[PDB]
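Okay, input-v3.csv is below, CSV, C-alpha atoms:
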chain,number,residue,atom,x,y,z
A,1,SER,CA,-13.0,-15.5,2.8
A,2,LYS,CA,-10.2,-12.9,2.7
A,3,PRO,CA,-7.5,-13.0,0.0
A,4,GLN,CA,-3.8,-13.4,0.9
A,5,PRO,CA,-2.9,-10.5,3.2
A,6,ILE,CA,0.0,-8.1,2.6
A,7,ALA,CA,2.2,-6.4,5.1
A,8,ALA,CA,4.1,-3.7,3.4
A,9,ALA,CA,6.6,-1.3,4.9
A,10,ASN,CA,7.2,2.0,3.1
A,11,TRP,CA,10.6,3.8,3.5
A,12,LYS,CA,10.6,7.5,3.9
A,13,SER,CA,19.2,1.7,11.2
A,14,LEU,CA,18.0,0.1,7.9
A,15,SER,CA,20.6,-2.7,8.3
A,16,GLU,CA,19.4,-3.6,11.8
A,17,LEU,CA,15.7,-3.8,10.7
A,18,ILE,CA,16.6,-6.0,7.8
A,19,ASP,CA,18.4,-8.4,10.1
A,20,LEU,CA,15.4,-8.4,12.4
A,21,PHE,CA,13.2,-9.2,9.4
A,22,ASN,CA,15.5,-12.0,8.2
A,23,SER,CA,15.4,-13.6,11.7
A,24,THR,CA,11.6,-13.5,11.9
A,25,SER,CA,9.7,-16.8,11.6
A,26,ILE,CA,6.5,-15.9,9.9
A,27,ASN,CA,4.1,-18.8,10.4
A,28,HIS,CA,1.1,-17.9,8.2
A,29,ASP,CA,0.5,-16.9,4.6
A,30,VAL,CA,1.2,-13.2,4.1
A,31,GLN,CA,3.1,-11.4,1.4
A,32,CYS,CA,5.6,-9.0,3.0
A,33,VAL,CA,7.0,-6.0,1.1
A,34,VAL,CA,9.8,-3.6,1.8
A,35,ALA,CA,9.5,-0.5,-0.3
A,36,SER,CA,12.7,1.5,-0.7
A,37,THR,CA,13.7,4.9,-2.2
A,38,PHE,CA,16.0,4.4,-5.1
A,39,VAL,CA,19.3,4.9,-3.2
A,40,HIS,CA,18.6,2.2,-0.7
A,41,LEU,CA,17.3,-0.4,-3.3
A,42,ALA,CA,20.6,-2.1,-4.0
A,43,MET,CA,21.5,-2.6,-0.3
A,44,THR,CA,18.0,-3.7,0.7
A,45,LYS,CA,17.9,-6.1,-2.3
A,46,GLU,CA,21.1,-7.7,-1.2
A,47,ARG,CA,20.6,-7.7,2.6
A,48,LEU,CA,16.9,-8.7,2.7
A,49,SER,CA,16.8,-12.5,2.2
A,50,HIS,CA,13.5,-13.6,3.9
A,51,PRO,CA,11.7,-15.4,1.1
A,52,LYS,CA,8.3,-14.2,2.3
A,53,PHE,CA,9.5,-10.6,1.5
A,54,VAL,CA,9.8,-8.9,-1.8
A,55,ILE,CA,11.5,-5.6,-2.5
A,56,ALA,CA,9.5,-2.7,-3.9
A,57,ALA,CA,10.5,0.5,-5.6
A,58,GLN,CA,8.6,3.8,-5.2
A,59,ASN,CA,7.3,6.4,-7.6
A,60,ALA,CA,9.1,5.5,-10.8
A,61,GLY,CA,7.1,6.9,-13.7
A,62,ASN,CA,9.4,6.5,-16.6
A,63,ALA,CA,9.2,3.5,-18.9
A,64,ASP,CA,13.0,3.0,-19.2
A,65,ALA,CA,13.4,3.3,-15.4
A,66,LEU,CA,10.6,0.7,-14.9
A,67,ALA,CA,12.3,-1.7,-17.3
A,68,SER,CA,15.7,-1.2,-15.5
A,69,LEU,CA,14.1,-1.9,-12.1
A,70,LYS,CA,12.5,-5.1,-13.5
A,71,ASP,CA,15.8,-6.1,-15.1
A,72,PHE,CA,17.3,-5.4,-11.6
A,73,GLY,CA,15.0,-7.9,-10.0
A,74,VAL,CA,12.4,-5.5,-8.5
A,75,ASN,CA,8.9,-6.7,-9.3
A,76,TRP,CA,6.8,-4.5,-6.9
A,77,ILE,CA,6.3,-0.8,-6.8
A,78,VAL,CA,4.4,1.7,-4.6
A,79,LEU,CA,2.7,4.6,-6.4
A,80,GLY,CA,0.4,7.5,-5.4
A,81,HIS,CA,1.5,7.6,-1.8
A,82,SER,CA,0.0,10.7,-0.1
A,83,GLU,CA,2.9,13.1,-0.2
A,84,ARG,CA,3.3,12.4,-3.9
A,85,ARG,CA,-0.1,14.0,-4.3
A,86,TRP,CA,-0.2,16.8,-1.7
A,87,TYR,CA,3.4,17.9,-2.1
A,88,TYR,CA,4.9,16.7,-5.3
A,89,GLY,CA,1.8,17.5,-7.3
A,90,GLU,CA,1.1,14.0,-8.8
A,91,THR,CA,-2.5,14.4,-9.9
A,92,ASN,CA,-5.1,11.5,-10.1
A,93,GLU,CA,-4.1,11.1,-13.8
A,94,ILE,CA,-0.3,11.2,-13.2
A,95,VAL,CA,-0.7,8.4,-10.6
A,96,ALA,CA,-3.0,6.5,-12.9
A,97,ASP,CA,-0.5,6.7,-15.7
A,98,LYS,CA,2.3,5.6,-13.5
A,99,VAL,CA,0.2,2.6,-12.3
A,100,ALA,CA,-0.6,1.7,-15.9
A,101,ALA,CA,3.0,1.9,-17.0
A,102,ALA,CA,4.1,-0.2,-14.1
A,103,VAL,CA,1.5,-2.9,-14.7
A,104,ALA,CA,2.5,-3.0,-18.4
A,105,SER,CA,6.2,-3.4,-17.3
A,106,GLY,CA,5.3,-6.4,-15.3
A,107,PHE,CA,5.0,-5.0,-11.8
A,108,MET,CA,2.8,-5.8,-8.9
A,109,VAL,CA,1.5,-2.3,-7.9
A,110,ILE,CA,0.5,-0.9,-4.6
A,111,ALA,CA,-1.5,2.1,-5.6
A,112,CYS,CA,-2.4,4.6,-2.8
A,113,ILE,CA,-5.5,6.7,-2.4
A,114,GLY,CA,-6.8,8.8,0.4
A,115,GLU,CA,-8.4,12.1,1.4
A,116,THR,CA,-7.1,15.1,3.4
A,117,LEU,CA,-8.5,16.6,6.6
A,118,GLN,CA,-10.0,19.4,4.6
A,119,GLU,CA,-11.6,16.9,2.2
A,120,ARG,CA,-12.9,14.7,5.0
A,121,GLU,CA,-14.4,17.6,6.9
A,122,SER,CA,-16.2,18.9,3.8
A,123,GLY,CA,-17.9,15.5,3.8
A,124,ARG,CA,-16.1,14.6,0.5
A,125,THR,CA,-14.2,11.4,1.5
A,126,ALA,CA,-16.2,9.2,-0.9
A,127,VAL,CA,-16.1,11.5,-3.9
A,128,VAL,CA,-12.4,12.2,-3.4
A,129,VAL,CA,-11.3,8.7,-2.8
A,130,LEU,CA,-13.5,7.1,-5.5
A,131,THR,CA,-12.4,9.7,-8.0
A,132,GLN,CA,-8.8,8.8,-7.3
A,133,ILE,CA,-9.4,5.1,-7.9
A,134,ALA,CA,-11.7,5.8,-10.9
A,135,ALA,CA,-8.8,7.5,-12.6
A,136,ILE,CA,-6.6,4.5,-11.9
A,137,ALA,CA,-9.3,2.1,-13.2
A,138,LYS,CA,-9.7,4.2,-16.4
A,139,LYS,CA,-6.1,3.3,-17.5
A,140,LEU,CA,-6.4,-0.4,-16.6
A,141,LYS,CA,-8.1,-3.4,-18.2
A,142,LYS,CA,-10.0,-5.8,-16.0
A,143,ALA,CA,-7.3,-8.5,-16.1
A,144,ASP,CA,-4.8,-5.9,-14.8
A,145,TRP,CA,-6.4,-5.9,-11.4
A,146,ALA,CA,-4.6,-9.2,-10.7
A,147,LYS,CA,-1.5,-7.0,-10.5
A,148,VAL,CA,-3.0,-4.2,-8.4
A,149,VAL,CA,-3.2,-3.7,-4.6
A,150,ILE,CA,-5.0,-0.7,-3.2
A,151,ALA,CA,-3.7,1.2,-0.1
A,152,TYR,CA,-6.1,3.6,1.7
A,153,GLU,CA,-4.3,6.4,3.5
A,154,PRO,CA,-6.3,8.4,6.0
A,155,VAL,CA,-4.3,11.5,5.2
A,156,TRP,CA,-6.7,13.4,7.4
A,157,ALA,CA,-5.4,11.4,10.4
A,158,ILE,CA,-1.7,11.7,9.4
A,159,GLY,CA,0.1,14.7,11.1
A,160,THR,CA,-3.2,16.4,11.9
A,161,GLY,CA,-3.6,15.2,15.5
A,162,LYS,CA,-6.8,13.5,14.3
A,163,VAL,CA,-7.2,9.8,15.2
A,164,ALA,CA,-8.8,7.1,13.0
A,165,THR,CA,-10.8,4.3,14.6
A,166,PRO,CA,-11.0,0.7,13.1
A,167,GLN,CA,-14.7,1.5,12.2
A,168,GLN,CA,-13.6,4.6,10.3
A,169,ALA,CA,-11.0,2.5,8.5
A,170,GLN,CA,-13.5,-0.3,7.7
A,171,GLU,CA,-15.9,2.3,6.4
A,172,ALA,CA,-13.4,3.6,4.0
A,173,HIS,CA,-12.2,0.2,2.9
A,174,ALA,CA,-15.8,-0.9,2.4
A,175,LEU,CA,-16.8,2.0,0.2
A,176,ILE,CA,-13.7,1.3,-1.9
A,177,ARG,CA,-14.6,-2.4,-2.2
A,178,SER,CA,-18.2,-1.5,-3.1
A,179,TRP,CA,-17.0,0.8,-5.9
A,180,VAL,CA,-14.8,-2.0,-7.2
A,181,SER,CA,-17.6,-4.5,-7.0
A,182,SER,CA,-20.0,-2.3,-9.0
A,183,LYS,CA,-17.6,-0.7,-11.5
A,184,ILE,CA,-15.1,-3.4,-12.1
A,185,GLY,CA,-16.6,-6.7,-11.0
A,186,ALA,CA,-17.5,-8.6,-7.8
A,187,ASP,CA,-14.9,-11.2,-8.8
A,188,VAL,CA,-12.3,-8.5,-8.9
A,189,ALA,CA,-13.6,-7.0,-5.6
A,190,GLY,CA,-13.4,-10.3,-3.8
A,191,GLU,CA,-9.7,-10.9,-4.7
A,192,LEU,CA,-8.5,-7.4,-4.3
A,193,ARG,CA,-6.2,-6.6,-1.4
A,194,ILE,CA,-7.1,-3.3,0.3
A,195,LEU,CA,-4.4,-2.3,2.8
A,196,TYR,CA,-4.7,0.2,5.6
A,197,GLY,CA,-2.1,3.0,5.3
A,198,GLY,CA,-2.7,5.0,8.5
A,199,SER,CA,-1.3,4.9,12.0
A,200,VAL,CA,-0.7,1.3,13.0
A,201,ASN,CA,1.2,-0.5,15.8
A,202,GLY,CA,1.1,-3.8,17.7
A,203,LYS,CA,-1.7,-2.5,19.9
A,204,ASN,CA,-4.2,-1.8,17.1
A,205,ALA,CA,-2.9,-3.7,14.0
A,206,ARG,CA,-4.7,-6.9,15.1
A,207,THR,CA,-7.9,-5.0,15.7
A,208,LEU,CA,-7.7,-3.2,12.3
A,209,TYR,CA,-7.0,-6.5,10.5
A,210,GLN,CA,-10.1,-8.1,12.0
A,211,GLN,CA,-12.2,-5.6,10.0
A,212,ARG,CA,-14.1,-7.2,7.1
A,213,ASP,CA,-12.5,-5.2,4.3
A,214,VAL,CA,-8.9,-4.8,5.6
A,215,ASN,CA,-6.3,-7.1,3.9
A,216,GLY,CA,-3.1,-5.8,5.5
A,217,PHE,CA,-1.1,-2.7,6.0
A,218,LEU,CA,1.2,-0.1,4.3
A,219,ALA,CA,3.2,1.0,7.3
A,220,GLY,CA,6.5,2.6,8.3
A,221,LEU,CA,9.8,0.8,8.0
A,222,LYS,CA,10.2,0.2,11.8
A,223,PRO,CA,10.9,-2.6,14.4
A,224,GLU,CA,7.2,-2.9,15.2
A,225,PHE,CA,6.6,-3.9,11.6
A,226,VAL,CA,7.2,-7.4,12.9
A,227,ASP,CA,4.1,-7.0,15.0
A,228,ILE,CA,2.2,-5.6,12.1
A,229,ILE,CA,3.1,-8.7,10.0
A,230,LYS,CA,1.9,-11.0,12.9
A,231,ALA,CA,-1.3,-9.0,13.1
A,232,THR,CA,-2.3,-10.3,9.6
A,233,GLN,CA,-4.2,-13.2,11.0
Turn the structure described in the file into structure tokens.
Amino acid sequence: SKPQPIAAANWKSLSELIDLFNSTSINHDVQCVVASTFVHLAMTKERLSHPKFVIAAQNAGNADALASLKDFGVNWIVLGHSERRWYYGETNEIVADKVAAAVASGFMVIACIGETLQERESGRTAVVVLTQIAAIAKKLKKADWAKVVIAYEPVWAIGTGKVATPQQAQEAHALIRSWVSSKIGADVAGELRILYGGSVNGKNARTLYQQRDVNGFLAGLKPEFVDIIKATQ
């Protein structure tokens, strides 16, 4: 069966959304995550009180900063998110190094991978996406995967007017899981959460989650996130 799902919201009225979250009865087993840019961390940390949620940081790559976050009570982090790669110039290896540093500093890591429109249209989804995860794997030991969560972002269907179908999502999640099974271990593959990080809402979240290899979502910090959480059964 599927491992514990994750519903994660990635920051990019915050108070009003937090209250909404706090007031939400979540009846099933799902780890919820609110990922914040540094300036919003303190307020989110103090306002978010739902015990099925954890706070996550984003993009920290310095060991002292990681230690300070941990000391501050932040135990999750999101790394490799699309714009970090296509805009900020974080390479496969930079993201991998950040993932490894975070794991070593005691973080649960949501590590993001995904191909662009140009890459997808050149037929290079697999080589691009698997090369990204391969770089991450290179800096990890097998035991570390207990602290890793993968998020697949269809960058090609983000801001391009292109639209991903649940089958296209499943296809991508499946080829990732197959790579993990073969290169890391079928035991690791079976427990690994692979989250969908493309367009999601209350209309299609439930449909996406029904896919065999989808274990939750990395979505926007928005009111409909409540529906995304509920979609994880």
Using all atoms listed in the file, what table do you get, as CSV, when you list each residue of region 70-138 of chain A with an atom no more than 9 Å from region 19-38 of chain A, its nearest pair of atoms, and their distance in Å rounded to one decimal, rows by chain then rising number?
residue,atom,partner,partner_atom,distance
A:76,CA,A:33,CA,8.1
A:77,CA,A:35,CA,7.3
A:78,CA,A:35,CA,7.0
Inset, instruction - Rounded to one decimal place, report the CA of residue 62 (chain A)-CA of residue 44 (chain A) distance in Å. - result: 21.8 Å
Legend entry - Residues near residue 81 (chain A), cut-off 12 Å, only C-alpha atoms, skip fewer than 6 positions along chain, as a VMD selection string: chain A and resid 10 to 12 35 58 to 60 87 to 92 95 98 to 99 109 to 115 132 150 to 155 197 to 198 218 to 219
Inset, instruction - May I ask which of the residues A:7, A:205, A:158, A:188 is the closest one to residue 141 (chain A), counting only C-alpha atoms? - result: A:188
Inset, instruction - Find the spatial neighbours of residue 167 (chain A), counting all atoms listed in the file, within a cut-off of 12 Å - ignore same-chain residues fewer than 4 positions away - and output them as a ChimeraX atom specification. - result: /A:163,171-174,207-214
Inset, instruction - Tell me, in Å to one decimal, how far CA of residue 80 (chain A) is from CA of residue 48 (chain A). - result: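 A separation of 24.5 Å between them.
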Inset, instruction - May I ask which of the residues A:128, A:204, A:9, A:105 is the closest one to residue 165 (chain A), counting all atoms listed in the file? - result: A:204
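Checking A:121, A:97, A:227, A:83 one by one against residue 159 (chain A), counting all atoms listed in the file, you find the shortest gap at A:83.
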Inset, instruction - Find the distance between CA of residue 199 (chain A) and CA of residue 175 (chain A) and write it in Å to one decimal. - result: 19.7 Å
Inset, instruction - Rank nothing, just name the residue among A:191, A:64, A:93, A:119 nearest to residue 148 (chain A), using only C-alpha atoms. - result: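 Using only C-alpha atoms, residue 148 (chain A) sits closest to A:191.
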Legend entry - Non-local contacts of residue 179 (chain A) (12 Å; only C-alpha atoms; under 4 positions in same chain excluded) as a PyMOL selection string: chain A and resi 126-127+129-134+137+172-175+183-186+188-190+192
Serialized selection, C-alpha atoms, as a PDB file, keeping the file's coordinate frame:
ATOM      1  CA  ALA A 126     -16.200   9.200  -0.900  1.00  0.00           C
ATOM      2  CA  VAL A 127     -16.100  11.500  -3.900  1.00  0.00           C
ATOM      3  CA  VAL A 129     -11.300   8.700  -2.800  1.00  0.00           C
ATOM      4  CA  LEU A 130     -13.500   7.100  -5.500  1.00  0.00           C
ATOM      5  CA  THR A 131     -12.400   9.700  -8.000  1.00  0.00           C
ATOM      6  CA  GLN A 132      -8.800   8.800  -7.300  1.00  0.00           C
ATOM      7  CA  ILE A 133      -9.400   5.100  -7.900  1.00  0.00           C
ATOM      8  CA  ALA A 134     -11.700   5.800 -10.900  1.00  0.00           C
ATOM      9  CA  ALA A 137      -9.300   2.100 -13.200  1.00  0.00           C
ATOM     10  CA  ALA A 172     -13.400   3.600   4.000  1.00  0.00           C
ATOM     11  CA  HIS A 173     -12.200   0.200   2.900  1.00  0.00           C
ATOM     12  CA  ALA A 174     -15.800  -0.900   2.400  1.00  0.00           C
ATOM     13  CA  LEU A 175     -16.800   2.000   0.200  1.00  0.00           C
ATOM     14  CA  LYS A 183     -17.600  -0.700 -11.500  1.00  0.00           C
ATOM     15  CA  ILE A 184     -15.100  -3.400 -12.100  1.00  0.00           C
ATOM     16  CA  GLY A 185     -16.600  -6.700 -11.000  1.00  0.00           C
ATOM     17  CA  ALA A 186     -17.500  -8.600  -7.800  1.00  0.00           C
ATOM     18  CA  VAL A 188     -12.300  -8.500  -8.900  1.00  0.00           C
ATOM     19  CA  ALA A 189     -13.600  -7.000  -5.600  1.00  0.00           C
ATOM     20  CA  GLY A 190     -13.400 -10.300  -3.800  1.00  0.00           C
ATOM     21  CA  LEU A 192      -8.500  -7.400  -4.300  1.00  0.00           C
TER      22      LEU A 192
END
Legend entry - Among listed residues A:123, A:61, A:201, A:14, nearest residue 43 (chain A) (using only C-alpha atoms): A:14
With N, CA, C and O atoms as the goal, would you fill in the gaps in region 61-87 of chain A and present it as a short mmCIF file (atom, residue, chain, number, x, y, z; two decimals), in the coordinates of the input?
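Output below, filename rebuild.cif:
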data_model
loop_
_atom_site.label_atom_id
_atom_site.label_comp_id
_atom_site.auth_asym_id
_atom_site.auth_seq_id
_atom_site.Cartn_x
_atom_site.Cartn_y
_atom_site.Cartn_z
N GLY A 61 8.14 6.60 -12.73
CA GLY A 61 7.10 6.90 -13.70
C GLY A 61 7.55 6.87 -15.13
O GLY A 61 6.76 7.07 -16.05
N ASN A 62 8.84 6.62 -15.32
CA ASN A 62 9.40 6.50 -16.60
C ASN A 62 9.64 5.10 -17.11
O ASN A 62 10.17 4.26 -16.38
N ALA A 63 9.22 4.82 -18.35
CA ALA A 63 9.20 3.50 -18.90
C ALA A 63 10.61 2.80 -18.85
O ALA A 63 10.72 1.62 -18.54
N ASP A 64 11.65 3.56 -19.17
CA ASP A 64 13.00 3.00 -19.20
C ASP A 64 13.44 2.66 -17.74
O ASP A 64 14.12 1.67 -17.50
N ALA A 65 13.05 3.51 -16.79
CA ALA A 65 13.40 3.30 -15.40
C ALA A 65 12.67 2.04 -14.87
O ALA A 65 13.24 1.24 -14.14
N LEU A 66 11.40 1.90 -15.24
CA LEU A 66 10.60 0.70 -14.90
C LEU A 66 11.27 -0.56 -15.45
O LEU A 66 11.38 -1.57 -14.76
N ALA A 67 11.67 -0.51 -16.71
CA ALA A 67 12.30 -1.70 -17.30
C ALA A 67 13.61 -2.01 -16.59
O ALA A 67 13.90 -3.18 -16.38
N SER A 68 14.38 -1.00 -16.21
CA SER A 68 15.70 -1.20 -15.50
C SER A 68 15.44 -1.81 -14.13
O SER A 68 16.21 -2.67 -13.68
N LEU A 69 14.41 -1.35 -13.43
CA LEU A 69 14.10 -1.90 -12.10
C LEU A 69 13.74 -3.39 -12.28
O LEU A 69 14.24 -4.23 -11.53
N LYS A 70 12.89 -3.71 -13.25
CA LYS A 70 12.50 -5.10 -13.50
C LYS A 70 13.71 -5.95 -13.79
O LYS A 70 13.89 -7.02 -13.23
N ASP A 71 14.55 -5.44 -14.68
CA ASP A 71 15.80 -6.10 -15.10
C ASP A 71 16.64 -6.33 -13.81
O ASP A 71 17.34 -7.34 -13.68
N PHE A 72 16.56 -5.38 -12.88
CA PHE A 72 17.30 -5.40 -11.60
C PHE A 72 16.76 -6.41 -10.61
O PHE A 72 17.37 -6.63 -9.57
N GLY A 73 15.59 -6.98 -10.88
CA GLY A 73 15.00 -7.90 -10.00
C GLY A 73 13.97 -7.36 -9.02
O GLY A 73 13.61 -7.97 -8.01
N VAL A 74 13.48 -6.17 -9.34
CA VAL A 74 12.40 -5.50 -8.50
C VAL A 74 11.10 -5.67 -9.26
O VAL A 74 10.96 -5.24 -10.41
N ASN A 75 10.12 -6.27 -8.60
CA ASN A 75 8.90 -6.70 -9.30
C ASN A 75 7.66 -6.01 -8.67
O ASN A 75 6.55 -6.23 -9.15
N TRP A 76 7.88 -5.23 -7.63
CA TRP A 76 6.80 -4.50 -6.90
C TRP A 76 7.12 -3.02 -6.91
O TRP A 76 8.28 -2.61 -6.94
N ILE A 77 6.08 -2.21 -6.83
CA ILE A 77 6.30 -0.80 -6.80
C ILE A 77 5.10 -0.14 -6.04
O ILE A 77 3.98 -0.63 -6.15
N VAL A 78 5.38 0.92 -5.29
CA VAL A 78 4.40 1.70 -4.60
C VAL A 78 4.19 3.01 -5.33
O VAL A 78 5.18 3.65 -5.66
N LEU A 79 2.95 3.40 -5.60
CA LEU A 79 2.70 4.60 -6.40
C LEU A 79 1.51 5.36 -5.73
O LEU A 79 0.62 4.76 -5.13
N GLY A 80 1.54 6.68 -5.85
CA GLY A 80 0.40 7.50 -5.40
C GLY A 80 0.40 7.78 -3.92
O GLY A 80 -0.58 8.34 -3.40
N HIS A 81 1.46 7.39 -3.22
CA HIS A 81 1.50 7.60 -1.80
C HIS A 81 1.26 9.10 -1.48
O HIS A 81 1.60 9.99 -2.28
N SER A 82 0.65 9.36 -0.33
CA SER A 82 0.00 10.70 -0.10
C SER A 82 0.86 11.88 -0.44
O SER A 82 0.38 12.77 -1.14
N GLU A 83 2.10 11.92 0.02
CA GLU A 83 2.90 13.10 -0.20
C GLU A 83 3.20 13.33 -1.66
O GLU A 83 3.49 14.45 -2.09
N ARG A 84 3.11 12.27 -2.46
CA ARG A 84 3.30 12.40 -3.90
C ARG A 84 2.24 13.34 -4.43
O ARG A 84 2.46 14.11 -5.37
N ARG A 85 1.06 13.25 -3.83
CA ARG A 85 -0.10 14.00 -4.30
C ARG A 85 -0.14 15.42 -3.66
O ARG A 85 -0.33 16.41 -4.37
N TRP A 86 0.01 15.52 -2.34
CA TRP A 86 -0.20 16.80 -1.70
C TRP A 86 1.03 17.73 -1.71
O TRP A 86 0.92 18.94 -1.48
N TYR A 87 2.19 17.16 -2.02
CA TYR A 87 3.40 17.90 -2.10
C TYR A 87 4.02 17.95 -3.48
O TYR A 87 4.27 19.01 -4.04
#
